[PDB]
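Each chain is listed here by its residues.
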Amino acid sequence: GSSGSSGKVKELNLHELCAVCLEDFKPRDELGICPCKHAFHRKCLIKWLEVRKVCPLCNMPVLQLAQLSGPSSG
Ligand SMILES: [Zn+2]
Ligand SMILES: [Zn+2]
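The paragraphs below set out a description of the structure included in this document.

Calculation notes
- Residues numbered from 1 in each chain as written, not as in the entry; some residues may be left out.
- Chains lettered and ligands numbered in written order.
- Heavy atoms only, no water.
- Pairing = 2+ DSSP bridges.
- Helix = DSSP H or I, 4+ residues; strand = E, 2+ residues; numbered from the N terminus.
- Donors = N, O, S within 2.8 Å, 3.2 Å for Na, K, Ca; no water.
- Tetrahedral: all angles 85-135°; square planar, octahedral: opposite > 155°, others 65-115°.
- Buried < 20%, exposed > 50% of the residue type's maximum accessible area, 1.4 Å probe, protein only.

Before going further, it helps to examine the pairing of strand β2 (residues 38-41). Here four bridges tie strand β1 (residues 31-34) to β2, and the two strands are oriented antiparallel to one another. When the bridges of β2 are listed, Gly32 appears paired with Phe40. Remark: three residues form the turn of the hairpin made by β1 and β2, two consecutive strands paired antiparallel; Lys37 in that turn has positive phi of roughly 50°.

Set out below in structure tokens:
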């Protein structure tokens, strides 16, 4: 964990924080958006998907993309 509130900190407050790692999302790292209106770290997701092929937020089974994006289905 983190403990040591000290020094001047200037980090715009937001209402969006990862669920797997629980760390303020950063632009430097790519963000993957899910069909459940939930975004996560390209790493957090990929990994979390291995141990649990579900969303750590809504907890919905995301195996196949229902939406008709491309003929890459079959
Ligand atoms: Zn994360
Ligand atoms: Zn979700």
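A few words on the coordination of the zinc ion (ligand 2). Protein-derived ligands of the zinc ion (ligand 2) are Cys36 (SG), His38 (ND1), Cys55 (SG) and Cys58 (SG), with the metal-ligand distances lying across 2.0 to 2.4 Å. Classification of the site at the zinc ion (ligand 2) as tetrahedral follows from its four donor atoms and the range of 102 to 124° in their angles at the metal. Within one chain, the residues donating to the zinc ion (ligand 2) are spaced in sequence as C-x1-H-x16-C-x2-C. Classification of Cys55 by relative accessible area gives buried; the value is 4%.

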